[PDB]
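Number of protein chains: 2
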Amino acid sequence: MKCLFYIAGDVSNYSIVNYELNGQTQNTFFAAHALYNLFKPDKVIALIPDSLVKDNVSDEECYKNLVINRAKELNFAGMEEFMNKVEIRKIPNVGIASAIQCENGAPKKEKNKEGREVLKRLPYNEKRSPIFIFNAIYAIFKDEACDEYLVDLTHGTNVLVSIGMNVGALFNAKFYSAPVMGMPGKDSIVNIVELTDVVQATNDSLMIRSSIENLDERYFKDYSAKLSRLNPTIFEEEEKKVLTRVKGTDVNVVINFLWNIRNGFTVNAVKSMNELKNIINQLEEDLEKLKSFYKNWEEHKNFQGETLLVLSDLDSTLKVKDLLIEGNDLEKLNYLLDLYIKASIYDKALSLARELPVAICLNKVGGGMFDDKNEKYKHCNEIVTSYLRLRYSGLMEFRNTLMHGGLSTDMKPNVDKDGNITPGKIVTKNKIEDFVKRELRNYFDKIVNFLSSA
Amino acid sequence: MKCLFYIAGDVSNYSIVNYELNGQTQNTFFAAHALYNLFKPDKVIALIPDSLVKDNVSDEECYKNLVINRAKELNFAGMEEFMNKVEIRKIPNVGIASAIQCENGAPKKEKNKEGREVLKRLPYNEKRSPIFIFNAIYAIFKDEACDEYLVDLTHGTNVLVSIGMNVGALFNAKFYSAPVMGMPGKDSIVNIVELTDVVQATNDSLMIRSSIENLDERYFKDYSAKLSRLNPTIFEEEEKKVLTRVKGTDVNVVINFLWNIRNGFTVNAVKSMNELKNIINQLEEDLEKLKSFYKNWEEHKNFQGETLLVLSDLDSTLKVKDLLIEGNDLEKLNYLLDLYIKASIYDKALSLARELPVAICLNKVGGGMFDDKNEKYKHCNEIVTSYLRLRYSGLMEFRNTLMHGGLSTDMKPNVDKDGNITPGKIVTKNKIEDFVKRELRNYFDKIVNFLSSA
RNA sequence: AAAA
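Chain order of the listed sequences is B and A.
Quick note on the authors' numbering: the first sequence kicks off at 1 and runs consecutively.
Quick note on the authors' numbering: the second sequence kicks off at 1 and runs consecutively.
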């Protein structure tokens, strides 16, 4: 269930041209046909604006004719039968306009000095919110129920093109555009660029930034596959020396680092900090050279066809420099606490703030394993447990409650004979939220300042 | 540090108009100058695609001398100054165009048939990947170091406009477009449009979808503020009846639901399930009328300039219907297990899988509190603990491994002097991923099935 | 609305 979405434009200027995507040249005056036969979708839909044509009965019927009224020039038959197929639906538009009125079922023609040619009407000055048009297009898209979404662009106002792109973006649409200026001419060869990646590359960079910001490892889009298929043909010494470094950027380490944080592996997450500090330092001076090459693109037409390269994918990976600090593994964990607080991952933040003072004390008592067999641990954990339990009574409750979550001796639900579990305690969203985000840091520093003189 | 950016086009055709931005007016011909005089940015970076210059001297300065040669045609004197210090950064382009040759600095003009014009030898044809142009624009944006990013898409090819939008999207730019489309004429009036709304509305819907997909409330963009401020001055009662329902959609419940799932409060998360069943069922209808309203936008011209209502923000909230199941609170939790497995939130999945069979057995006993005082719990927890520790030795280990976390008696790290920590057990990143995602479900059913026998 |  493939379906082609076609943004409309002024047909009274369209010159004949031949298109080229994966070879298979087809020629006409508009993309809609060239792309129809190329992809062979189940149903093509025409997205026409209000500021384009206007008549007493079917403005919708005027477009179906106006496109054949232009297909008639050069006796172009492969259009009359293609118009029985495409469904024409009207969309709103913004701005001053030169429209084209219809007397009835055919476009009207005004013989004013030049000769019998189409007429103009400018009183359309519609003040609309872009979100309104977006909503109107979103509805027409949603009310189609397609498996695959393919949207021909190239035509339409720069505003509606921008709007339609964002609507399509939601329906995981494949975007195509035939870039051609004025006076293209007969038998001209025009590529039909696929912008899908450019879109699902901008999204990736926002997901990569969110992945860092909220310490997640499922928001990060692993571009190691794109980087794996690199090393393109015509390569100059200086570009290949930089690119071969970039090609081998250990991105899977940054993923593992975020994983060991989301799943709470500070021991390994904090240890990796120094390695990543070297990864990003190299990724900075690599991207700086790439930024230079792309800032002088006129000399790097080998990167000409690079669909497997994205500066935004790399620059967004640079954000991890924030999640990195310097110092001993203990000092690095102290920072990791604050990262668990800024990202609202409470469960890990409390657990870390609970066990860090054990480790702090172990360091000042000569150090010792986190095993119950170790006496320097055993006693040292009792110092932090007992100090916490008589002072920060809340730190202990909040930690344990979040650790076992639902169905625990901490929450005491009744379960019921019927099976309708009924909770025992409440502890609202903004109970935990206030504690972690406002006191958990202040309280921690007060604990460590106590264990300092230990 | 505000700075404007604009996809530059064919200035040779550009006609004078009177631009309108929420009160302030401006009388300029080309788009950029109107916004420059308005927002008064610190910088104005530009330069066209390579598809309109090929002069022997500076390809850049040529645009500087032709833009002003169009300013001289009309009655003007103040577009050579304050516009002289504009940053001209050249960009690549795709397809077939007609690129104005240009002499040493100013353009090269010739006459064929007509009295005088600028000779169109203009043979532009370049095969480029859209990602290349995106990279080239990205580098220009990054190498500007602006505080605020402002971007024009009033002009340019539909391809470069799409590209520039995605590049701007990352610098969280404010997007503006002056929709004209044709023959504005002398003293033309054009009320500009801000598309910034549409962009950070498409992003919001993708964030809302992943918020659901990965059970994380942090990704959800709370539109209750937009809905709070939804007070159109004049709207029809039918329109009124639907929107006044939508206005009061309590979205904060869906947020709280996701917060409980993310923090492990399955008790309260599972109970809210049918309240939410009712919430989405209500938004499944009106959404239906909103999508019928917007599919026949010509009727409800009242939301003509309503930049507050959004359909994608609501439709993406309907995704939560997946997270919802019907049945007793026990079998709702059984589903919640699979939701903790599908989203790779392991820690909660195992804790739920370990503690669910305690509740299952309690129901078989007629129900009991999950308090250590309760004998029906005490013994019944020992049945599940002993059965687990005797067969699913792995379930118990992994569960404490995700519960206590790195710094723990479960990981046994060393920590010596100078704050250095060395792990005791290597993290089994894939041993967790494979166990939870392949065995935990099968294992759970084998325990519950055994419990069902007694 | 094939660089308004």
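C-beta: ideal position from N, C-alpha, C; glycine also.
Measure the C-alpha to C-alpha separation of residue i and residue j and round it to an integer number of angstroms.
i      : j      : result
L352/B : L407/A : 7 Å
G9/A   : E284/B : 34 Å
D250/B : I279/B : 7 Å
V57/A  : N65/A  : 13 Å
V180/B : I48/A  : 15 Å
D59/A  : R245/A : 58 Å
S162/B : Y335/A : 41 Å
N442/B : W259/B : 27 Å
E87/B  : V94/B  : 23 Å
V67/B  : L150/A : 38 Å
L227/B : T307/B : 11 Å
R70/B  : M165/A : 33 Å
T25/B  : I192/B : 10 Å
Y36/B  : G156/B : 18 Å
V53/B  : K72/B  : 19 Å
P92/A  : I133/A : 6 Å
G264/A : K429/B : 12 Å
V17/A  : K186/A : 7 Å
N414/B : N203/A : 42 Å
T317/A : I426/A : 40 Å
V358/A : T409/B : 11 Å
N22/A  : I345/A : 48 Å
CB residue i to CB residue j, shorter than 7 Å?
i             : j      : result
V167/B        : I137/B : yes
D418/A        : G367/B : no
residue 500/B : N214/A : Look at the range of chain B in this structure, 1 to 454, and you will see that residue 500/B is not part of it.
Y124/B        : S177/B : no
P41/B         : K85/B  : no
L388/B        : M396/B : yes
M411/B        : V44/A  : no
residue 455/A : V320/A : Summary: the structure shown does not reach residue 455/A, with chain A confined to residues 1 through 454, and so no result is reported for it.
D197/B        : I140/A : no
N135/B        : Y392/A : no
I255/B        : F220/B : yes
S211/B        : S312/B : no
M403/A        : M403/B : yes
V190/A        : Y19/A  : yes
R399/A        : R438/A : no
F175/B        : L195/B : yes
What do you get for residue i, buried or exposed, if any count of 16 or more other CB atoms within 10 angstroms of its CB means buried?
i      : result
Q101/A : buried
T401/A : buried
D347/A : buried
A77/B  : exposed
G248/B : exposed
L74/B  : exposed
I360/B : buried
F82/A  : exposed
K90/B  : buried
Quick one: is the Cβ of residue i within less than 6 Å of any heavy atom of the ligand NAD?
i      : result
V193/B : Among the components modelled here there is no ligand, and therefore nothing to report on the ligand NAD.
Thinking just about the alpha-carbon of each residue, which of the options is nearest to the one in residue i?
i      : options                           : result
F5/B   : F29/B, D152/B and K221/B          : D152/B
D315/A : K342/B, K142/B, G405/B and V44/B  : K142/B
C62/B  : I96/B, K108/B and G78/B           : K108/B
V253/A : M403/A, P232/A, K241/A and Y223/A : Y223/A
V310/A : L324/A, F257/A and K291/A         : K291/A
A349/B : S15/B, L337/B and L356/B          : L337/B
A106/A : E80/A, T428/A, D55/A and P92/A    : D55/A
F30/A  : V118/A, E439/A, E117/A and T154/A : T154/A
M183/A : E239/B, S205/B, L122/B and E110/B : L122/B
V118/A : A99/A, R128/A and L339/A          : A99/A
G305/A : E126/A, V11/A and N231/A          : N231/A
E299/A : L356/A, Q282/A, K446/A and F235/A : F235/A
With three or more C-beta pairs closer than 8 Å as the rule, is the region 430-447 of chain A touching the region 380-390 of chain B? no
Stretch pair the region 315-329 of chain B + the region 260-273 of chain B: three plus CB contacts closer than 8 Å: yes
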